[PDB]
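See structure below.
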Amino acid sequence: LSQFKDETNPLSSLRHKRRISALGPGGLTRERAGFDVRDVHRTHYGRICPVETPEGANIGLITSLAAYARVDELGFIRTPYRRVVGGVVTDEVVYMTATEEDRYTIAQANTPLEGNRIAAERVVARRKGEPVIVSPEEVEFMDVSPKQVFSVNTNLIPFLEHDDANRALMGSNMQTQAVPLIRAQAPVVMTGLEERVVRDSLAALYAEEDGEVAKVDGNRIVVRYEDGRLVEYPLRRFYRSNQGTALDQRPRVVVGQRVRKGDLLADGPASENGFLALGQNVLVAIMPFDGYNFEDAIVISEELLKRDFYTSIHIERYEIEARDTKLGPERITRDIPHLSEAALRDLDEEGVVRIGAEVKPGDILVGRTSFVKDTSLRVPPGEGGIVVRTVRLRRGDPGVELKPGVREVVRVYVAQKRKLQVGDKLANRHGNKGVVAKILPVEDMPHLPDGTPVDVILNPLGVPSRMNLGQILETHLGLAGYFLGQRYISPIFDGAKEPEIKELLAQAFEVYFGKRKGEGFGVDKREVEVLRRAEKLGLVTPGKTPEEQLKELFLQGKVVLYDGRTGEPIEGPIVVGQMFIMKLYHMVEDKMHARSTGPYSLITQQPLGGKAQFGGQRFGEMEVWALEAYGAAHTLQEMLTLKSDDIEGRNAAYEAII
Amino acid sequence: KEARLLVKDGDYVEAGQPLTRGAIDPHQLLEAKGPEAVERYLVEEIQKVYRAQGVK
Amino acid sequence: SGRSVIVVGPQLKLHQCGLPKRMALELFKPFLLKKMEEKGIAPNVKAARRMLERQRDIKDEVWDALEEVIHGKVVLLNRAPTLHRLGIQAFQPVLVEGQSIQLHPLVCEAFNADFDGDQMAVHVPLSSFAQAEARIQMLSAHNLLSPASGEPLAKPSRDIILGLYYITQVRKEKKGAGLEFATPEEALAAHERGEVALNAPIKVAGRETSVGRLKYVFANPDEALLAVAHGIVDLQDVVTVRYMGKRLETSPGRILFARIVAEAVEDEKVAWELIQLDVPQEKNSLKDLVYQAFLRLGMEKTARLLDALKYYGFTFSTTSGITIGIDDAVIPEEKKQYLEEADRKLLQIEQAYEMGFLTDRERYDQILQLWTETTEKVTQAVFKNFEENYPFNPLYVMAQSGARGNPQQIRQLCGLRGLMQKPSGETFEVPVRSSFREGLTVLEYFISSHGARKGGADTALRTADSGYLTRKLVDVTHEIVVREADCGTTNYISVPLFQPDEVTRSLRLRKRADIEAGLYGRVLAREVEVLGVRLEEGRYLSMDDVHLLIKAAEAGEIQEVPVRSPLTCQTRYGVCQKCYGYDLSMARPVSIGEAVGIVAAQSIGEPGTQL
Amino acid sequence: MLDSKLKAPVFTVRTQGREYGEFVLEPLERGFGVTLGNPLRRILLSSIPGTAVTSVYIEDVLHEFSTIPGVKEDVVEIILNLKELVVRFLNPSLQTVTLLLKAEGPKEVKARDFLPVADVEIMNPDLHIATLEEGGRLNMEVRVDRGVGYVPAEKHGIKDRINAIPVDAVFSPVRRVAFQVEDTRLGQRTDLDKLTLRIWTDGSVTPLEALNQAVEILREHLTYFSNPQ
Amino acid sequence: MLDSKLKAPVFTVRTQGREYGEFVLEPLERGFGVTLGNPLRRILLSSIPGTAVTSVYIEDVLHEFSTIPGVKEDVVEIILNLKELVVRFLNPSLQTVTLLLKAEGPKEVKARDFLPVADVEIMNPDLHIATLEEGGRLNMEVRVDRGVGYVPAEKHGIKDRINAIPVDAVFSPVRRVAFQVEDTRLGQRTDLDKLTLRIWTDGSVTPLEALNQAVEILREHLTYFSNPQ
Amino acid sequence: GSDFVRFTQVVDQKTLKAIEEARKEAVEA
Amino acid sequence: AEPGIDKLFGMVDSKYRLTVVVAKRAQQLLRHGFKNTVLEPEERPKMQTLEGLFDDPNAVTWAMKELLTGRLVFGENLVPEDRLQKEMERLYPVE
Ligand SMILES: [Mg+2]
Ligand SMILES: [Zn+2]
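These protein sequence lines map, in sequence, to chains A, B, C, D, E, F and G. Just so we're aligned: the first sequence equals residues 1 to 658 in this note's numbering. Just so we're aligned: the second sequence equals residues 1001 to 1056 in this note's numbering. Just so we're aligned: the third sequence equals residues 2001 to 2611 in this note's numbering. Just so we're aligned: the fourth sequence equals residues 3001 to 3229 in this note's numbering. Just so we're aligned: the fifth sequence equals residues 4001 to 4229 in this note's numbering. Just so we're aligned: the sixth sequence equals residues 5001 to 5029 in this note's numbering. Just so we're aligned: the seventh sequence equals residues 6001 to 6095 in this note's numbering.
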């Protein structure tokens, strides 16, 4: 039942820690019958977020409860609900039992009110899980908030009101796999819980009460509270995760700095300023580029690598041991008997290696010899970073119990500052996912009339198939906040409206092009021609000023653009913005699993490497079926004989190739 | 009572003709028509789903 | 063998593959040592082993040695869940830098492999004969048409399709003044002045020609090409150019695409002869041309065309600068009138129920029909909205274009996905009245969650179910291969041409596409002079034969067909070419020795995935 | 040099006639092949001076929507069939040459029937413009000027004759050009540039000659910065 | 030169400091504005060599993933702050320079806080480099080199100290380059081009400096064709 | 696997002449 | 993809026969030393970095080209295998 803890991000951890499944010992419910259970019961309202469930075989099996809903006594969720007396709503909230819920008519929170009294005689309510459009007097309780409707992870995508659940669940789920970055950024447009997120999630440090800073060292902070006391708290600099990431509370307070009660002290690894900050906000333009935004491929400009803008440290934890074989104890030694001592310089101390060094594939890690026969640890193929730590529990087991035969044990820690590279994968909060396709030299990449170019160009064809307009709404919002140099709080449905969107559009365009004018420059011939063509398509009213029609285009959220390679302006205005995009879990499947020659099984001669060599790839059966479809006679023969089982034949082919 | 039949009274009907609206036991189909007619039938029901699902 | 993540190879041609070098390194260590001993790179093969065992013993000349070795070499690539014959294909490897695997984007669907994280594997044939056989009949550049059914599996993708549709589209904006230039050249002069003024838009309803064609005349298309180059003329314009012997009144993009066709295949004569330059280019016409060109020139020139098409479509898609915006979701006001119509009718139904005259079933069904009606009402309204109002809607340009989308997607986004069933399967009364341009109501979205959950669950179950069914299929069909001469059995099947019960008694020329699927490339059980053409016995059934015979059946000259069948194939085990017939991934009828049963198992079980 | 100056793009050329030509320069550093073709491609399409018929007049023709008896083709067809007519001046003083042509009978009129101009020569003597049908009265004269690239008829509106017709001008003898930068691999690095430009010319010069022009004049444009101000 | 050569782009310069600069050239003939501003911008952003933190050595720590006591910032953060430092060489003989800085106690380490050197300038004098809490022993040395564009820390692998570390190289002194090619109106031709190219630079060089440098470079790149092949 | 094709020896005219002399070699005395 | 694949198709009764013929010819080039060629001298496969493709970067192209020539004659059963191999081995010191 219990297993590893979700140490991807504090939010990932909290979601994992507050989510319930159906399966278990089996008697409660086993795997083969969930169709009826998988559909979201009406009672899930205010009880279960139906978008948080893990998609796949275990879809409808696991979900996080309603964010505001909680167990009263015995695995029975009650949820907040605004009492509504007659035409007067009561701020008092009653956590209702699901069964008791049917007993009343729950009014929605979206209904406008003049305070405790409704603002509409005809208001929808939830009599018993149905839309009942009744008078305000027919509701006993009204929806406390949309927030209570969902789990925590649901509520962190701003513009859910214009996005499909099919990919809403996808986005909410991918929210968990976010790796805390070197640089923590908060979304240009938020939901409002990131503060509460980093509060409940103990990533950052918080000042108990009022006080001042005594000392803030890179690993400690002595605070002195207004109570006349002082207490110091060690600060987590670099701590490995379940997956080998960084763990630091960012020092956020200067020495002699007066911090109040509950004052965030050192923001967690993925908090910007007591705020959820993972991934980064990048200026993005949606346009179908040649082929690097093909289906969900993401095209990136070079600058985000020039800037320290997407990277994390990955932590690797190797380990070996010496045993006392009846053939002879396996000494952990520096000796490679046969040929060379040169590579043994790295293994500085005998058996154990020197610390704080880069490692190449195949480098000795722990020395040892079996029966003497050389049998020692080496650097695993793939990549190793820099030596950071070692542990050496020989027979001298202080409180350790090295297993029988184990003459001694040893642990090794390497670190590799993994920058974002070509194959990495990223996605937005609003669900749309993808993998980086190519980073282009920013020299020729499209650039604004202002030299400032965008960070990422997406393939637009994705959105139409998807059902998610909140993403483009956020595109506009972030584009606005760009010039506005300021953030926003958008409740999922009660938040911003397109009217205010166009207001901010006019404001930001006025800013941008008023300063353009102050530059001594209005419209360029390129702008005039493109504006003429927009008139040709009717996108801009003919006869309106190029200034004014460009302003309307801005309020359209689209504007002109210049190429950079051919430098040309781009026909058709494009919507862009500062989008808060995250890098997903680039799990182990990313690493090459490419072995040519190496080990084989004991009972069978099927190649199998692993620690020494990558290992032979699974060949499967239906693959042979496809081969059957083709006339692949001798190639398949080779596969199953020279590449599958035949040691003698495979080595004979080895030597023939030699 | 629920038997939804398409054929009319008095009308001449070929053997094995489905008297009601619904499915048929394949064995009775083979029995009435023998091999080839049942073959044609079954190919029909096979292609009907694929066409109904756009398969070509 | 190996496996890792992939990345698109837009530069890559399908005849090749995007290969990070560092994997081929370990893979070809044998051949690498072979060559670098073939060079002076290491003293011996084993000194070579030591030289190459370290990333820091790396020599660049290792690189040109490896390239020389692989000059004429290829590998095989595959996706994790393999379901069909092309679940693996042969590519000529290209060593590349970086980690990810570079992939020709076209087959991004041949392999049902998006870019969501899934990583593919690869192996290699080794023996000279093994490599020969792999390159010969496992080459993707060799494996073009679907053998499951004769459809081509290289269908052009959304981006290129959109680019060519945009390039080949034409525009028309306004006509207010004298449109009837047809007869008067005084009319042309006056309307040309009005075009000189604001009176005449370029894409005016010019009776003989819009002002565009009168104003500008081009002998050599490079002319109009330059005019666009000067920014003089847009690519979707009504212009006239004196073609080889014709005053072609076309859009620029149309002639340019024709020219693209001309280079891709040498015989531009046929290139224009086989091209319908008179329509906006759509994926369906795309496949039609792909097929016919493959028929005419074959593999090499057809693929030349395919690659040039990919190139040009990508180019033009980029050039378009076409991007989706929230305002691109054009909500036709006709839709709001239909919506008010539907709401008022629903209120009428509800009020009629209120005093009880309708039964809950009666009122429920009345509401159901009212919305099922208004939904198509608005669909038609929005469609018209597109044809005349906004022919260049990025949203509508795409949906109309074959690249992506459906009417339902647009409605759900532009209009609304109103009608949706309950957990039982019954639709809720109050449909989904909002759109995504609208903000979905909390309870409405909660309700909509149910259908999405059901879709996810049943698709996931159908996955394993289709795996099971295909497993059984291969279980049973595996024996069957074509090994035979003409199976002398004079037994065939007469394939009906009429679906006799569409109405209870409605015998009608059976559906066209179904007829093509059942009868294409068949063997005439006996000669049939149907439409004056003596369709001799055993003569194979070309598509044009399909068309002739569809026309004849419309003439009613015949209702079924004398044609062979495996069912009437005499061959104890296996089927006659005549008993089997024509269909290959190539055109000519099947070759003796082909494992047809496996092909059938795949072709049938694979579709079950989506049923 | 061997490393980086031998690392110099190979100025490779192969001219198919004087009209067409492949020109591959390789290899190139990051962002150079485009950096070169794009400006150069733009230049070659307008920079190049050439010969283009400014205007034309038929004695009897007074509307371009009119057709001459004994001559089936209308003004439109004759004007187009003359558009491609490419000529070559013998000296820059051939800024404007007006060549006349007289013809009657049932005969076909090509470029050769024109009265020969000493300094002006036609590389397209085979260009058949029209066909006299029966005693077809044709008296015509075409004014052609030495210009660069393309010039629309209306903007010049050349009227040597009040009923003479302005002619859209296309001087650039190069029909067109196509450049692409293909990625080429060197032993060390694979990300290298090879810019290949295949060009079409009217025949006035060979594509190589036009490249020589464009490159020289572009370098000259690079001379517009020596004076500081 | 009065009609056409006098009708040449008036190279005018208006520069705010040595960091930002605009240059206006007009009138321009057809399509030359962008035709030239494009590759100019490309070379400005690509070919212009500059300076960057070549390699770093902290006397106190061996591995970049460490933390120094009394040091709120971490090692990687500090090297980042170093890379963000903008220096200025005053001599071609100025290619490699190992700046050193030593700070202690409750002091905030600024980029002006390094040891002054003769031929160098701190283009980033106020650059916050670090902040030492108490007795913070921050003494270290950064090799900085004069390169072109970008190179990863890995390829050069510069080791003045084995405890010293390389870092990715950034040698473009250009913040951003753009050019507005707006219609300039000439007496005969209103359809003229006027290109006003704006550039924000780091300040290590003045805009016009990198400008004429790139113009120089491009002109050589053109001269690759005096050789026919 | 088709026997009809699976083995098809490829031969040059020089090989044909070689087999010709090999046949001619059967003459005794 | 491959030159004259249509032509070779016409000269080849079955696609698989063409495949088998090409592979047999290629392995012939391999085993007896690559000199088992008939069109090598004047026109020949040629490399890019050098003329190395004259030797054997990829034999299959050699077999395809020779097939495009009428130089080779492939019989599904044309000669007794023992004598064919024996004469190949006497008359090819290319080994
Ligand atoms: Mg996928
Ligand atoms: Zn048969």
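All residues carry an ideal CB built from backbone N, CA and C; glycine is no exception.
- Not a single C-beta of chain C is nearer than 8 Å to the C-beta of F/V5010.
- In this structure, the alpha-carbon of A/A633 lies about 13 Å from that of G/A6023.
- Look at A/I364 here: in three-state DSSP terms it is strand.
- Secondary structure at A/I315: strand, using DSSP grouped into helix, strand and coil.
- Interface annotation, E/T4196: in contact with chain A, CB-CB separation under 8 Å.
- Checking the 7 Å criterion, the Cβ of C/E2068 is out of range of every heavy atom belonging to ligand 2.
- For C/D2116, the Cβ falls inside the 7 Å cut-off from some heavy atom of ligand 1.
- Any Cβ of chain F closer than 8 Å to the Cβ of C/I2592 would place that residue at the interface, and such an atom is present.
- Shortest gap from the CB of C/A2113 to any heavy atom of ligand 1: under 7 Å.
- Cβ contact annotation for C/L2370 (same chain, cutoff 7 Å, sequence separation greater than five): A2342, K2345, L2346, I2349, in chain order.
- By the rule that beta-carbons nearer than 8 Å mark a contact, C/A2219 touches chain D.
- DSSP places A/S12 in the uninterrupted alpha helix (DSSP H) bounded by 10–17.
- With respect to A/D444, A/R565 sits close: the two C-beta atoms are nearer than 8 Å.
- Of the residues C/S2140, C/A2048, C/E2516, C/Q2610, the one whose Cα lies closest to the Cα of C/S2585 is C/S2140.
- Between the segment 2141–2154 of chain C and the segment 2232–2250 of chain C there are fewer than three C-beta pairs closer than 8 Å, too few to call the two in contact.
- Here G/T6069 has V6038, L6039 as same chain residues with Cβ atoms under 7 Å from its own Cβ, once five neighbours each way along the sequence are excluded.
- Taking a cut-off of 8 Å on C-beta distances, the segment 2109–2118 of chain C does not touch the segment 445–459 of chain A, as fewer than three cross pairs fall below it.
- Bridge partners of C/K2578 according to DSSP: none are assigned.
- According to the DSSP assignment, A/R418 belongs to the beta strand (DSSP E) that extends over 406–419.
- The beta-carbon of C/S2149 is placed less than 8 Å from the nearest beta-carbon of chain B.
- For G/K6024, the chain F residues whose C-beta falls within less than 8 Å of its own C-beta are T5008, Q5009, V5010, listed in chain order.
- The segment 2231–2240 of chain C and the segment 2204–2221 of chain C touch, with no fewer than 3 CB-CB distances between them shorter than 8 Å.
- The beta-carbon of C/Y2166 is placed no less than 8 Å from the nearest beta-carbon of chain A.
- By the Cβ rule, the segment 2596–2605 of chain C counts as touching the segment 2464–2483 of chain C, because three or more pairs are nearer than 8 Å.
- Not one beta carbon of chain D lies nearer than 8 Å to the beta carbon of E/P4116.
- For the 8 Å CB-CB criterion, C/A2134 and C/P2125 form a contact.
- In this structure E/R4198 touches E/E4022 by the C-beta definition: roughly 5 Å separates them, less than 8 Å.
- Between C/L2535 and C/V2546, the gap from beta carbon to beta carbon reaches 8 Å or more.
- Taking a 10 Å sphere around the C-beta of A/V391, we find fewer than 16 other C-beta atoms and assign the residue as exposed.
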